[PDB]
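Protein chains in written order, with PDB author numbering: chain B, 4349 to 4354, 4375 to 4513, 4518 to 4613, 4637 to 4941; chain A, 4349 to 4354, 4375 to 4513, 4518 to 4613, 4637 to 4941. Heads up, the beta-carbon is just placed ideally off N, CA and C, and yes, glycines get one too. Notes for the one structure printed next.
Number of protein chains: 2
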Amino acid sequence: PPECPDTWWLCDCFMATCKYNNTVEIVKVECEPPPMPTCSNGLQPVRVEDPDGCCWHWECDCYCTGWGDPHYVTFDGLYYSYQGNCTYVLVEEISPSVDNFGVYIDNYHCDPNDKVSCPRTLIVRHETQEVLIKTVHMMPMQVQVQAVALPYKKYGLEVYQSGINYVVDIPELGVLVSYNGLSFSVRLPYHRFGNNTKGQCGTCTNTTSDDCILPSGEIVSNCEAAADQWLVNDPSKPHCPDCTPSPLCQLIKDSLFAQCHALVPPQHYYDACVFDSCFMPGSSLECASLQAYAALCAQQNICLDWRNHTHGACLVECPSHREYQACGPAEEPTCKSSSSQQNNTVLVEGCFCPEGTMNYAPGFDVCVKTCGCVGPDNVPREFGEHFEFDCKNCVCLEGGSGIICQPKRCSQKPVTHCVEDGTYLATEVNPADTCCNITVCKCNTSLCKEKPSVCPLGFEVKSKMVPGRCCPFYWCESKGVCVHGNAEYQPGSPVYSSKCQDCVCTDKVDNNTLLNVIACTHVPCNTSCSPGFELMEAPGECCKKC
Amino acid sequence: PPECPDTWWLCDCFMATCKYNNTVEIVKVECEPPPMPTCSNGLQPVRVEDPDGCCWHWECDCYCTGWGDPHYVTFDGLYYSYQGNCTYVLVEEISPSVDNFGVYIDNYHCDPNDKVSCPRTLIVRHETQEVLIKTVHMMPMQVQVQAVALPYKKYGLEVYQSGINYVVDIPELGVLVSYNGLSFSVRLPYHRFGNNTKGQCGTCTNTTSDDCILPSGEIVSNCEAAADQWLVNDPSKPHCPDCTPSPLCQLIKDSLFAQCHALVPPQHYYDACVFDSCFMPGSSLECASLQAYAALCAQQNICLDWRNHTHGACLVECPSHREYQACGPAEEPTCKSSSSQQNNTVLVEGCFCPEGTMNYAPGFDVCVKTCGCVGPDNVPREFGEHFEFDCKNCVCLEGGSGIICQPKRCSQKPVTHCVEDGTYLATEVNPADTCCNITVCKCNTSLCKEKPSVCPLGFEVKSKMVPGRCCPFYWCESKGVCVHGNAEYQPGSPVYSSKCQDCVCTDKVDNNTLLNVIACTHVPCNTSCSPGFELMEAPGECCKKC
Ligand SMILES: *[C@@H]1O[C@H](CO[C@@H]2O[C@@H](C)[C@@H](O)[C@@H](O)[C@@H]2O)[C@@H](O[C@@H]2O[C@H](CO)[C@@H](O[C@@H]3O[C@H](CO[C@H]4O[C@H](CO)[C@@H](O)[C@H](O)[C@@H]4O[C@@H]4O[C@H](CO)[C@@H](O[C@@H]5O[C@H](CO)[C@H](O)[C@H](O)[C@H]5O)[C@H](O)[C@H]4NC(C)=O)[C@@H](O)[C@H](O[C@H]4O[C@H](CO)[C@@H](O)[C@H](O)[C@@H]4O[C@@H]4O[C@H](CO)[C@@H](O[C@@H]5O[C@H](CO)[C@H](O)[C@H](O)[C@H]5O)[C@H](O)[C@H]4NC(C)=O)[C@@H]3O)[C@H](O)[C@H]2NC(C)=O)[C@H](O)[C@H]1NC(C)=O
Ligand SMILES: *[C@@H]1O[C@H](CO[C@@H]2O[C@@H](C)[C@@H](O)[C@@H](O)[C@@H]2O)[C@@H](O[C@@H]2O[C@H](CO)[C@@H](O[C@@H]3O[C@H](CO[C@H]4O[C@H](CO)[C@@H](O)[C@H](O)[C@@H]4O[C@@H]4O[C@H](CO)[C@@H](O[C@@H]5O[C@H](CO)[C@H](O)[C@H](O)[C@H]5O)[C@H](O)[C@H]4NC(C)=O)[C@@H](O)[C@H](O[C@H]4O[C@H](CO)[C@@H](O)[C@H](O)[C@@H]4O[C@@H]4O[C@H](CO)[C@@H](O[C@@H]5O[C@H](CO)[C@H](O)[C@H](O)[C@H]5O)[C@H](O)[C@H]4NC(C)=O)[C@@H]3O)[C@H](O)[C@H]2NC(C)=O)[C@H](O)[C@H]1NC(C)=O
Ligand SMILES: *[C@@H]1O[C@H](CO[C@@H]2O[C@@H](C)[C@@H](O)[C@@H](O)[C@@H]2O)[C@@H](O[C@@H]2O[C@H](CO)[C@@H](O[C@@H]3O[C@H](CO[C@H]4O[C@H](CO)[C@@H](O)[C@H](O)[C@@H]4O[C@@H]4O[C@H](CO)[C@@H](O[C@@H]5O[C@H](CO)[C@H](O)[C@H](O)[C@H]5O)[C@H](O)[C@H]4NC(C)=O)[C@@H](O)[C@H](O[C@H]4O[C@H](CO)[C@@H](O)[C@H](O)[C@@H]4O[C@@H]4O[C@H](CO)[C@@H](O[C@@H]5O[C@H](CO)[C@H](O)[C@H](O)[C@H]5O)[C@H](O)[C@H]4NC(C)=O)[C@@H]3O)[C@H](O)[C@H]2NC(C)=O)[C@H](O)[C@H]1NC(C)=O
Ligand SMILES: *[C@@H]1O[C@H](CO)[C@@H](O[C@@H]2O[C@H](CO)[C@@H](O[C@@H]3O[C@H](CO[C@H]4O[C@H](CO)[C@@H](O)[C@H](O)[C@@H]4O[C@@H]4O[C@H](CO)[C@@H](O[C@@H]5O[C@H](CO)[C@H](O)[C@H](O)[C@H]5O)[C@H](O)[C@H]4NC(C)=O)[C@@H](O)[C@H](O[C@H]4O[C@H](CO)[C@@H](O)[C@H](O)[C@@H]4O[C@@H]4O[C@H](CO)[C@@H](O[C@@H]5O[C@H](CO)[C@H](O)[C@H](O)[C@H]5O)[C@H](O)[C@H]4NC(C)=O)[C@@H]3O)[C@H](O)[C@H]2NC(C)=O)[C@H](O)[C@H]1NC(C)=O
Ligand SMILES: *[C@@H]1O[C@H](CO[C@@H]2O[C@@H](C)[C@@H](O)[C@@H](O)[C@@H]2O)[C@@H](O[C@@H]2O[C@H](CO)[C@@H](O[C@@H]3O[C@H](CO)[C@@H](O)[C@H](O)[C@@H]3O)[C@H](O)[C@H]2NC(C)=O)[C@H](O)[C@H]1NC(C)=O
Ligand SMILES: *[C@@H]1O[C@H](CO[C@@H]2O[C@@H](C)[C@@H](O)[C@@H](O)[C@@H]2O)[C@@H](O[C@@H]2O[C@H](CO)[C@@H](O[C@@H]3O[C@H](CO)[C@@H](O)[C@H](O)[C@@H]3O)[C@H](O)[C@H]2NC(C)=O)[C@H](O)[C@H]1NC(C)=O
Ligand SMILES: *[C@@H]1O[C@H](CO)[C@@H](O)[C@H](O)[C@H]1NC(C)=O
Ligand SMILES: *[C@@H]1O[C@H](CO)[C@@H](O)[C@H](O)[C@H]1NC(C)=O
Ligand SMILES: [Ca+2]
Ligand SMILES: [Ca+2]
């Protein structure tokens, strides 16, 4: 046919006006618009491709930032300071395109006035799920509808970490939210969200004039007052109502940030630093705006180290196994699956594993040189290594599931007999293996079956005492004295057996004699008298010289 | 330009002729060849697209199968039976396109005849890696260069399970190797491997005639004789040199397999079944060909349940928490990675978790209903559940890394020994606590001065003895039979304090006679002696009868 049998945008923008099916006037279409001048934000615009492959126009992203306690900068580079306590809406939608979508910021319900214990909580609602990021004295935690871990992904919503920031993103909508504990940033694409947002972050129109509107939809010159009207009522608390310039603030104007003076306007941050320093001196509150300026510069592909120059008073506090770096990868290379990924170009600050080692896997913190397995207890393991974890036999081997554990089945030789009286069979904690639980011939002294063996007065000590046996043996109660003197043999027993017996054995010490000194010196001898005749051996006679 | 400003193949499978730059002579080309009637395999050819998107030809995949001990069928539907005991090569490349690519079957080296646990062993060598798949009585094991786990993936080589088969594949080349313990299968694409393969599986030439070739490279008629010369050399074992047709084989021609009689040639398997039955009756060796026939039918998207009609003698044996299904998904759904639907749409046989439950994750075996966490000890866990795994406080919460564990931080008995002499601090692990040695007082009888109170006499027992303290309390060695007596108050000491006395001591107790049984008896008296008298009670005058 003279007109083409679809005269068409046939391919690769090869457009056409067909004279006939065979002979047509084909056309080719291409173009290139110059880089847009600016976006009332100083940030360089990006390239957005047409639906048609023919061309790409320049459009710049929507960026809202909030730092310090009161400091806000909207999507179009308008800056203002607002103070409040009740939770406030950050960004919402004018015409609902996504169900229950919104970003909110509770600034003081957690900590009113001074936010020293907890500065803010960030609420992100997307359809079914809501995420509340809150901070405490040492490290923030997040609650999803219940607490969760950091590397979270569910229903197109992802939460993770990057440098010193907690990032909540929706890839389908391209929404990025970064929380720091001292500031927050919201990043939105232009085409998806163009002139359809409202809240304290203003309207992403590329115009600074319409950057604040009331919920009704009016325009007010006093942009600070419009922020106070963006209050979200909730069940709890329904009764919502001379300066010497510190040199630190001078760091913005120094030559260190001279590279940042291009591609990023420094007027707002310097004024915020000066105001914070004059609010009260010597509180280390003026090195919070510097962090935001450095973060924005890094986002602008300009990485700088500045904290060195701050003479301390605010640094990073992360554990020993990590070292602080001003320029580092946004996504650290975990050993588990670094694989291949688009290396982005913006190096962010933070603290990472040392140069020699590297992180193990997402959700872990142990840095290792050559990674094998990591169990629930953070201890590095090598491939083909045998270690008794818990009460089991476990092995780290290459493949899936890592650790493989099997039961212990420890056994001991069962002995029931207990020979000594003290020995009594008792199963008890196996000392070597708390799990083996081996039984043992326990020892009770009370169960001593044999009894003390009484001995004669003569013996001294059975020596059985403290034998060290399960049953304590007993020493002999008797002792060495001339016991076997006479009759019932005891220590003196010098009964007068002789007609003139002396034998006064007084336990006189002698070999065997001590035990038995028969010191008998009878004197049965008879001595004459002047008239007592026949006195030789007469009854009861003793020597008598008379 | 009148000459086309590159008359050329226009993009999008179009073409052009050019006598004008815009007014050109446009063309477009395409086709639909009839499906190749057959491919000498009985298998339907697959659609292979050209480089450019213009046309799709019908080339049939290369499939090599071998079941039982001696049976083999080449890539082109040629069948032969070969018996051998040393390792043989299945497929290798005539022109080396991939470094160190090969498949080897080790037959009989591990089990010579009457396989005790390993019928054979597969060796798949690809570049730097080699994989050895071996079997034992109940589960196969794989060694990768040392042992590895089941879900293995490294350097473009992947090893996993599917139904009852172990699958080794290289996604870059499309090579598939399936092992079962009773058979094996090799699947190769045509374009990558055409007229470049050699070995026992033959030439994937699409002609049965050229399938068998000597290692030198000749053509011979008998495939079996050539197969014997495909032997590879290793340091190990370097010295390599009445039939009643059972109804089980008759199941092949039954109406159950009627769908398989088309689209799949059933002659070879039936002949193999008959020959195996004739080899020895009643040994359950004739239900291995049925398995391969059913597997090939299932590969053709035709699932059949047949083991129910075998009247036993060969079924599956997998643990109780899994039930056998003749038609199920090749890749079972696991909660960790539900991701997208499995469009495999071929229902391989095997055994899976029951319909109520679902498998937890790859590399795991526990079937669960609502998945939470699974630690090294295979126990299901719920979200927000607190347990005492190892000696730690651990929690299962949804997110990254699953289980979060922290130290027990066990408290201790604050005691200083104890005041009992003998006590020494033990700081021991109270059975009530676990992993918690706490200070405890350890009375030591060896470490006591029990101050034995030496009693002079008559004290039958001090009675300190054993009262419940570890100190060895003291009994008193003394006893009172004759505490009194001139002889140092010795017991049984009857001596005349006065020569005229008896003081009889029988050592008796009585009432205080235990202290003084001797008491005394007065012998003295004087009576009438010779006239003239004057005896005057002559001193020493004890009772006389003068
Ligand atoms: C950081 O920080 C720091 C501090 O400061 C602070 O901060 C800042 C930021 C600001 O703010 C301020 O203001 C504050 O205060 C700073 O500092 C600086 O540094 C630098 C560097 O370093 C320097 O310069 C240099 O240095 C060197 C050494 O270093 C050292 O020292 C220093 C001082 O001086 C310091 O600072 C540092 O830190 C260091 O320290 C050290 O450390 C070590 C360790 O590591 C140690 O060691 C130790 O000890 C012992 C000994 O050694 C043992 O044995 C061992 O070893 C260990 O243990 C040491 O001791 C320490 N030291 C000290 C003293 O401290 C030096 O040496 C030099 O000297 C030089 O000069 C001369 C003349 O010319 C010559 O003769 C010589 O030879 C030399 O040379 C040189 O070299 C160097 C090095 O390289 C250089 O430096 C550098 O370089 C580079 C290259 O590339 C670049 O250029 C840069 O820029 C630079 O700087 C130089 O330059 C050269 N020179 C020539 C021309 O030659 C010197 O001294 C400075 O001085 C400083 N200052 C201060 C103030 O201090 C920083 O800067 C920061 N950073 C950042 C990042 O920012
Ligand atoms: C040997 O070894 C051992 C150790 O070892 C262990 O154990 C064993 C069994 C096994 O198991 C193994 O294995 C292991 O390892 C030992 O044990 C120990 O001991 C200790 C010492 O002894 C103790 O502590 C303490 O003790 C005391 C005494 O003792 C006793 O007991 C025990 C237990 O507990 C035993 O064991 C022993 O043997 C003894 O026994 C007894 O004894 C008693 C005394 O003699 C007797 O009694 C008698 O009789 C009658 C009654 O019956 C009468 O009446 C009187 O009483 C007496 O005469 C008994 O009979 C027996 N039994 C048997 C069975 O034998 C104790 O006493 C103590 O306790 C107490 O105190 C406390 C304080 O605090 C309290 O609380 C409590 O309650 C009590 O009190 C009273 O007491 C009494 C007496 O005893 C009673 O009665 C009786 O008891 C018994 C016990 O057994 C039984 O029950 C009977 O039935 C009943 O009747 C009451 O009841 C009570 N109550 C009240 C009223 O209060 C403490 O106990 C420990 O404990 C132990 N442990 C164990 C576990 O056992 C052993 O000893 C050895 N042995 C030998 C011989 O050596
Ligand atoms: C209580 O307390 C007590 C005290 O008290 C006392 O005593 C008593 C009995 C009573 O009498 C009371 O009265 C008095 O007071 C105590 O005990 C003690 O202990 C301590 C500690 O242990 C000791 O120390 C030691 O020493 C030594 C010397 O000496 C010794 O020896 C001798 C002979 O020679 C003898 O005689 C003595 O006795 C002694 O012995 C001893 O003993 C103990 C007790 O028993 C013992 O302990 C214990 O034991 C048990 C059983 O029974 C078990 O065995 C346990 O385990 C243990 O612990 C000891 O052992 C023993 N020893 C001996 C020798 O015998 C020295 O020598 C020593 O040193 C050593 O040892 C140590 C540990 O112990 C160590 O550490 C060191 O190093 C050393 O080493 C040694 O070396 C030696 C030489 O060579 C040896 O020997 C020999 O060896 C061989 C091989 O080579 C073989 O075995 C043979 O058999 C052997 O003999 C050894 O063995 C080694 N050892 C080791 C392990 O190493 C120490 O220093 C003391 O002495 C004691 N004392 C007594 C007398 O006894 C307790 O203990 C307490 N507790 C409770 C019971 O409660
Ligand atoms: C792998 O193994 C498979 C199983 O063996 C095999 O599948 C089929 O195998 C059959 C048996 O081998 C095979 O049958 C053919 O038989 C021919 C001899 O008899 C035929 O020719 C005489 C006249 O010479 C004729 O009287 C008689 O009736 C037969 O007619 C033939 O019928 C064929 C089947 O319909 C037909 O092939 C079909 O062509 C279709 C075209 O749209 C379509 O592609 C179908 O898919 C295809 O099957 C064939 O064209 C026709 N011939 C004529 C002239 O009537 C053999 O000659 C023939 O071998 C040739 O074909 C196979 C592929 O089929 C080639 O591999 C092989 O190299 C031969 O190449 C052929 O060469 C002849 C001579 O030059 C060509 O004849 C010309 O045809 C022109 C029109 O197309 C024109 O008339 C010219 O004047 C003729 O000279 C012929 O076209 C060439 N074919 C091709 C495609 O190369 C074959 O053995 C059957 O064809 C096989 N079908 C397929 C594709 O599966 C499979 O082929 C094997 N594959 C490979 C890679 O080897
Ligand atoms: C990203 O991609 C690579 C670097 O790889 C990146 O960082 C790794 C640590 C991993 O995280 C990766 O997942 C991640 O993508 C770089 O692109 C270019 O790579 C080649 C090496 O393949 C560099 O060498 C160049 O090319 C050849 C050598 O292959 C030679 O001509 C020269 O050696 C030449 O230098 C190349 O330099 C590098 N690109 C640059 C900087 O020119 C790069 O870091 C980055 N590229 C992107 C994202 O475009
Ligand atoms: C034997 O002794 C017991 C007391 O127990 C003993 O006391 C010393 C002799 C010790 O050396 C040990 O041998 C032993 O511990 C007498 O039992 C009782 O004694 C008391 C005190 O004398 C009597 O009380 C008296 O009773 C009299 C009247 O009988 C009164 O006149 C006194 O004023 C006083 O109340 C008590 O009655 C008595 N009871 C008994 C059991 O008789 C025991 O009498 C005595 N027997 C002998 C052999 O004399
Ligand atoms: C294509 O165009 C030529 C020139 O007009 C004409 O002669 C021919 O018939 C056309 N063919 C078709 C299919 O329109
Ligand atoms: C170029 O295109 C025009 C319009 O179709 C045609 O008239 C002319 O002949 C073409 N050839 C030349 C001169 O490039
Ligand atoms: Ca605006
Ligand atoms: Ca062939």
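Does B:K4387 come within less than 8 Å of chain A when only Cβ atoms are used? B:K4387 counts as touching chain A.
With burial defined as no fewer than 16 other Cβ atoms inside 10 Å of the residue's Cβ, what is the status of B:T4442: buried or exposed? Looking at its Cβ environment, which holds 16 or more other Cβ atoms inside 10 Å, B:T4442 is buried.
Less than 8 Å between the C-beta atoms of A:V4659 and A:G4410, yes or no? Going by C-beta atoms, A:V4659 is nearer than 8 Å to A:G4410.
Is any heavy atom of ligand 9 found at a distance shorter than 7 Å from the C-beta of B:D4429? No, since every heavy atom of ligand 9 falls outside the 7 Å radius drawn around the Cβ of B:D4429.
Using the three-state DSSP reduction, which class does A:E4823 fall into: helix, strand or coil? If DSSP states are grouped into helix, strand and coil, A:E4823 belongs with the strands.
Would the C-beta of B:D4700 count as close to ligand 1, meaning under 7 Å from any of its heavy atoms? Under cutoff, so the answer is yes.
Pull up the distance between the alpha-carbon of B:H4917 and that of A:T4916, whole angstroms please. So the two alpha carbons sit approximately 24 Å from each other.
Inter-residue Cα distance where the pair is A:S4588 and A:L4490: Cα-Cα distance, rounded: 25 Å.
Counting only Cβ pairs nearer than 7 Å, list the residues of chain B close to A:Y4447. Simply none; closest approach about 37 Å.
Candidates A:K4502, A:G4470 and A:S4534: closest to A:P4757 by CA position: Selection A:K4502, A:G4470 and A:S4534 evaluated against A:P4757 yields A:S4534 as nearest (Cα-Cα).
Of the residues B:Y4447, B:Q4694 and B:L4792, which one's Cα is nearest the Cα of A:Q4518? If we check each option's Cα against that of A:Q4518, B:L4792 comes out closest.
What do you get for B:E4398, buried or exposed, if any count of 16 or more other CB atoms within 10 angstroms of its CB means buried? In summary, B:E4398 is exposed, with fewer than 16 beta-carbon neighbours lying within 10 Å of its beta-carbon over all protein chains present.
Residues of the segment 4753-4770 of chain A in Cβ contact with chain B at a cutoff of 7 Å, in chain order, please. For the segment 4753-4770 of chain A, which is checked against every Cβ of chain B, the residues closer than 7 Å are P4757, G4758, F4759 and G4770.
Near-chain A residues of the segment 4777-4791 of chain B - C-beta to any C-beta below 8 Å: So the list reads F4778, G4779, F4784, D4785, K4787 and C4789, given in the order they occur along the chain.
If we define contact as Cβ-Cβ less than 8 Å, is A:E4393 a contact residue for chain B? So, interface residue.
Whole angstroms are fine: how far does the CA of A:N4921 sit from the CA of A:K4940? In this structure, the straight-line span from the alpha carbon of A:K4940 to that of A:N4921 is close to 8 Å.
Would the beta-carbon of A:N4907 be found less than 7 Å away from any heavy atom of ligand 6? Between ligand 6 and the CB of A:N4907, the shortest heavy atom gap is smaller than 7 Å.
Report the three-state DSSP secondary structure of B:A4599 (helix, strand or coil). Assignment of B:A4599 by DSSP, reduced to helix, strand and coil, places it in the helix class.
Is the closest heavy atom of ligand 7 to the C-beta of A:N4390 under 7 Å? Because no heavy atom of ligand 7 lies under 7 Å away, the Cβ of A:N4390 does not count as near it: no.
Cβ neighbour criterion (16 or more within 10 Å) applied to A:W4376: In summary, A:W4376 is exposed, with fewer than 16 beta-carbon neighbours lying within 10 Å of its beta-carbon over all protein chains present.
Distance check for A:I4501 and A:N4475, CA to CA, integer angstroms please. Between the alpha carbons of A:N4475 and A:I4501 lies a distance of about 12 Å.
Taking just the CA atoms, how far does B:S4841 sit from A:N4881? Going from the Cα of A:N4881 to the Cα of B:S4841 covers about 42 Å.
Figure out for me which residue from A:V4511, A:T4639 and A:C4722 has the closest Cα to the Cα of A:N4703. Comparing Cα positions, the closest option is A:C4722.
Exposed or buried, B:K4808, counting other C-beta atoms within 10 Å across all chains shown (16 or more means buried)? B:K4808 is exposed by the Cβ-count criterion.
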